[PDB]
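Visitor: So I've got this experimental structure, pasted below with the sequence.
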Amino acid sequence: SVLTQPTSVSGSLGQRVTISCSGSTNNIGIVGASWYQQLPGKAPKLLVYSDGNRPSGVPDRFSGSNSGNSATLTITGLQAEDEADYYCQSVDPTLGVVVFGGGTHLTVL
Amino acid sequence: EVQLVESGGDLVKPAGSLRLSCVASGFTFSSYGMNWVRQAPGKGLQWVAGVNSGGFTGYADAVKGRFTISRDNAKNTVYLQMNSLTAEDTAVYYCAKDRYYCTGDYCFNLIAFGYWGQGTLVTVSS
Amino acid sequence: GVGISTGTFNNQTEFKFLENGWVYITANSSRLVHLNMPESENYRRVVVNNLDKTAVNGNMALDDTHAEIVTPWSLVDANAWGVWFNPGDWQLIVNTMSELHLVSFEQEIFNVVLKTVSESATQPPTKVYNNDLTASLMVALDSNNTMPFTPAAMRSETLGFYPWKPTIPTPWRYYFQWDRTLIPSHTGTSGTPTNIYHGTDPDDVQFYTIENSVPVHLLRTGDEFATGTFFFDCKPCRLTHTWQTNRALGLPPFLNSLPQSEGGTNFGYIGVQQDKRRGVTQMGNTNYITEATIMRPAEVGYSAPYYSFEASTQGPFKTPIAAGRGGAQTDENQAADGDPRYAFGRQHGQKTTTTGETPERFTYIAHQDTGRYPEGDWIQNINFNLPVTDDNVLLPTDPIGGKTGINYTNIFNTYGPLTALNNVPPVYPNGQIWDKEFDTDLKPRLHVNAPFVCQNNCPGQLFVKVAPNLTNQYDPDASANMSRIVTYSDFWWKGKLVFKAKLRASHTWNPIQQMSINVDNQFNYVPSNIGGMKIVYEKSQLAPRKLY
Amino acid sequence: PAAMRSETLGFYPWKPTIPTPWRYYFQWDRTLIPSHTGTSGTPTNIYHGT
């Protein structure tokens, strides 16, 4: 099982950005996705949990939601700090396999 | 604060074997699982294996028949053993911690990596 | 020996009348118990996790997650009123008795039969049953109460209620420790709440084994097992109910006007203006002495948070309440939190000729008026200016936390040092009789499941198991399952339960409520034309007693 | 007990006193939904019986 993400998403400073991850009833329909941030060449950072909570210190700009077999990450008030790569992560309970998405590159205009 | 440090990167032949190690600190090591996630050059993250408190392990279908992962809670260390390596295994391998407290056989139903290390490079080539 | 019986069948009830209005009720129960060999001879640690049902936001109450040890042993449980009393016995007890004591309990197993099953190789299947005179039935009595207490009335798994129908013992299991978290949600919650099974705490592990804790007796077809008489130390159980709420305690007000003609609208009047009255109130800043405001000795009943679910290490559970709802006697549709609901099968009351997996159910509405009618509660400011204005009163029709369906009485607790309440009434036939007291340092004032609670100890649990019947190919080093001859046992169980009851006295001019047969319930107590039977439920605390 | 209604015997040894007419509560059913000044409609206020 693999998750699906769009290759890239573009937004302009101060606007709203949405990144979408698609899965199945087996992976995202039971355990929602968790979103990660990766600066070029750096270790990933967790942004939003599967329940919509954020790690301490993450701005409220970042938010997530789950509907059916698809999950989305919403970045509000896009700043220059957000130019990076983002990934969706979910775990398959039926098989016991952790599934990452293909990744999406975010472009700030 | 939680901190992780990896090691063990090297260059090996297209049919060799290798072993990697991480050292952790700052939390109740026995309560949280530790996982190995790799990233091929220019590609996305890929999960390799994970091990929980009692020694129970989970392997992705890509490495399930080749690799092995282990812990030592008395030393806050996690090891990964790789055998029958192939070129596709070339990647930087990242050591991470789970947000959720799971110990025994019935883990891998909810995983979310909350802290990360620095990564180590694995290269498989002639 | 092989051809000699080791006991007698007795399902009689005896009423020996002692001096001073006391009766010695002896209840004998005899059953034919059918026991198959266990599916495996091993102890299993099994974990249930219905993440599919709980992953639906708002279904957090349907959580079934738990860990348990599944044992090869079976439990012979007779802790239900139907095992001992038939409807006539119950009618006698609840019509003629005022209080009920639990005295003693003994049981025995006799006339053990062990058989084997062999299937022919004939193309049309055929099978034969043979006696195994040398096979043994393993029997263990946990007289020291070392094993976890697992009363079967909770799962409707006691012995059957019919003397003429064979019964089975419930396979035995007990809870193994686990840690679980389930963050609640509602239809429309954004994201998937945290729904995780955490594992097991090593500091709480307890793997119990019957072999290592209890002596085990091997019974052949000519052997018998008797437990001995155990004597209880419980408090008496009342067969009377209280109707008095706080409004019915003490001296009523003097009516300076009384009606001069009978009729529905011909009321009496106190005749004293309310702020000009005499009496005592617990409200130091008002002169109004009314029935609602006059001082009473104490409280009868207590408001509790209803359908409140509390979380601990093992997950959510409903907050228990000791009394039923108010107004439920008048309208059964209003029966809710506190009115116990029983679901049971064909061994325990459901019409025996019915087909299907759907159980028979009833909600037990008790006669005692110790409940609350939350739609009639209200808080108001301490100033107590009447008539009260909107801003100075909290009504049950008022949203708490922004919710139109949650009001203050859902999170309301009025239990205090002044609360008075009764023990739960017995429920015939599916109600549990006695329960073990918690081994906590500080103990609950009552149990919601049984009217009798055992202070020091009460009788050990009786476990049975067909002894292994191996073939000639056994190899203990094999990883596969044990090769056993298909063996099963039929044995007779007899128990004696002794009660002490006090005959009632007529204190009032009027007659009291009594249980009787009538044209409507006439055919709930006799077999059908094809032999079907049912045992409907009966109320226990029929007679009224004065609270104060 | 008459102390609740201030109906005990007198407190003065030299003052003749009276006993209180005796009565006791008889079971009744009653519902009364609370309201406030400005509530719309007639809240349920019924004496159900015994």
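Guide: Received it, and whenever you're ready, just let me know what you need. Residues are numbered from 1 along each chain as shown, chains lettered A, B, ... in the order given.
Visitor: Can you tell me who the residue positioned nearest the centre of chain A pairs with across the strands?
Guide: The centroid of chain A falls nearest to residue A:35 when counting by Cα atoms, centre = their mean (3.4 Å). Beta-bridge partners for residue A:35, by DSSP bridges, are residue A:48, residue A:88.
Visitor: and it, what does it touch?
Guide: The neighbourhood of residue A:35, defined by Cβ atoms under 8 Å, 6 or more residues apart in numbering or on different chains, consists of A:19, A:46, A:47, A:48, A:62, A:64, A:73, A:86, A:87, A:88, A:89. In this view, the C-beta of every residue, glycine as well, is placed from N, C-alpha and C.
Visitor: Closest one of the residues you listed to chain D?
Guide: Of all the contacts of residue A:35, chain D sits closest to residue A:64, with 43.8 Å by Cβ to the nearest Cβ.
Visitor: Tell me the helices and strands packed up against the helix or strand hosting the closest one.
Guide: When elements are defined using DSSP states H and E, residue A:64 is found to belong to strand A:62-67. Contact here means 3 or more Cβ pairs under 8 Å, 6 or more residues apart in numbering or on different chains; DSSP states H and E; on that basis strand A:62-67 packs against strand A:45-48, strand A:70-76.
Visitor: in the lengthiest helix in chain C, what counts as buried?
Guide: As assigned by DSSP state H, the longest helix anywhere in chain C is helix C:87-96. Buried positions in helix C:87-96, judged by neighbour count with 16 or more other Cβ atoms under 10 Å in any protein chain shown: C:87, C:89, C:90, C:91, C:92, C:93, C:94, C:95, C:96.
Visitor: Check stretch C:128-138 too.
Guide: For stretch C:128-138, by 16+ other Cβ under 10 Å, it's C:132, C:135, C:136, C:137, C:138.
Visitor: If we ignore the residues flanking it in sequence, what's nearest residue B:38?
Guide: Excluding its sequence neighbours, the residue lying closest to residue B:38 (Cβ to Cβ, 6 or more residues apart in numbering or on different chains) is residue B:91, at 4.0 Å.
Visitor: The nearest residue to residue A:74 once chain neighbours are set aside: how many residues sit nearby?
Guide: Spatially, and ignoring its direct neighbours in sequence, residue A:74 is nearest to residue A:63 (4.8 Å; Cβ to Cβ, 6+ apart). When counting by other Cβ atoms under 10 Å in any protein chain shown, one arrives at 17 neighbours for residue A:63.
Visitor: ok, residue A:63 - contacts?
Guide: Here residue A:63 is in contact with A:48, A:52, A:73, A:74, A:76 (criterion: Cβ under 8 Å, 6+ apart).
Visitor: what about the first one, neighbour count?
Guide: Going back to what we said before, that points to residue A:48. Neighbours of residue A:48 (other Cβ under 10 Å): 26.
Visitor: where does it sit relative to residue A:19, distance-wise?
Guide: Distance, residue A:48 to residue A:19, using Cβ to Cβ, to the nearest Å: 11 Å.
Visitor: residues shared between the contacts of those two?
Guide: Common neighbours of residue A:48 and residue A:19, counting by Cβ under 8 Å, 6+ apart, are A:35, A:73.
Visitor: Give me the buried subset of the contacts of residue A:63.
Guide: Members of those classed as buried by 16+ other Cβ under 10 Å are A:48, A:52, A:73.
Visitor: Most neighbours of all the contacts of residue A:35, which one?
Guide: residue A:88 (30 neighbours).
Visitor: wait, that one sits on residue A:69?
Guide: No: Residue A:88 is not in contact with residue A:69 according to Cβ atoms under 8 Å; the separation is 12.0 Å.
Visitor: Only the buried residues of stretch C:427-442, if you could.
Guide: Those would be C:427, C:428, C:429, C:430, C:431, C:432, C:433, C:434, C:435, C:436, C:437, for stretch C:427-442 by 16+ other Cβ under 10 Å.
Visitor: Show the end-to-end separation of that stretch, please.
Guide: This stretch, stretch C:427-442, spans 27 Å end to end (Cα to Cα, to the nearest Å).
Visitor: quick one, strands of chain B?
Guide: In chain B, the strands defined using DSSP state E lie at B:3-7, B:10-12, B:18-25, B:32-39, B:45-51, B:57-59, B:68-72, B:77-82, B:91-101, B:113-116, B:120-124.
Visitor: Looking at these, which is nearest to residue C:466?
Guide: Closest to residue C:466 of the strands of chain B, according to Cβ to Cβ: strand B:57-59, at 39.2 Å.
Visitor: Packing partners of the closest one?
Guide: If contacts are counted by 3+ Cβ pairs under 8 Å, 6+ apart, strand B:57-59 sits against strand B:45-51, strand B:68-72.
Visitor: Quick check: which of those is buried the most?
Guide: Most buried of the helices and strands packed on strand B:57-59, by mean neighbour count (mean count of other Cβ atoms under 10 Å in any protein chain shown): strand B:45-51, with a mean of 23.
Visitor: For the stretch 151-300 of chain C, which residues are neighbours of chain D?
Guide: C:243-244, C:247-255, C:278-280, C:294-295 (Cβ under 8 Å from any Cβ of the partner chain).
Visitor: Try it again at 6 Å.
Guide: C:243, C:248, C:250, C:251, C:252, C:278, C:279, C:280 (Cβ under 6 Å from any Cβ of the partner chain).
Visitor: Chain B: which of these is nearest?
Guide: Once Cβ to the nearest Cβ is applied, the member of these that ends up nearest chain B is residue C:243, at 51.9 Å.
Visitor: can you pull the contacts of that closest one?
Guide: C:369, C:544, D:27 (Cβ atoms under 6 Å, 6 or more residues apart in numbering or on different chains).
Visitor: and the residue of chain C nearest chain B?
Guide: Counting by Cβ to the nearest Cβ, chain C gets nearest chain B through residue C:199, at 3.7 Å.
Visitor: Could you list everything that residue pairs with in the sheet?
Guide: As assigned using DSSP bridges, the partners bridged with residue C:199 are residue C:179.
Visitor: Could you check how far the residue most central in space within chain B is from chain C?
Guide: The centre of chain B sits closest to residue B:36, judged by Cα atoms, centre = their mean, with a distance of 2.2 Å. Residue B:36 sits 21 Å away from chain C, going by Cβ to the nearest Cβ, to the nearest Å.
Visitor: pretty sure that residue contacts residue B:51?
Guide: No: contact criterion Cβ atoms under 6 Å: residue B:36 and residue B:51 do not qualify, at 8.7 Å.
Visitor: about what we covered before: so which of the helices and strands packed on strand A:62-67 comes closest to residue A:4?
Guide: Of the helices and strands packed on strand A:62-67, nearest to residue A:4 by Cβ to Cβ is strand A:70-76, at 9.0 Å.
Visitor: Parallel or antiparallel, list what pairs with the closest one.
Guide: Strand A:70-76 has these strand partners (DSSP bridges): strand A:16-22 (antiparallel), strand A:62-67 (antiparallel).
Visitor: Mind telling me which residue of chain B is nearest chain C?
Guide: residue B:103 (3.7 Å).
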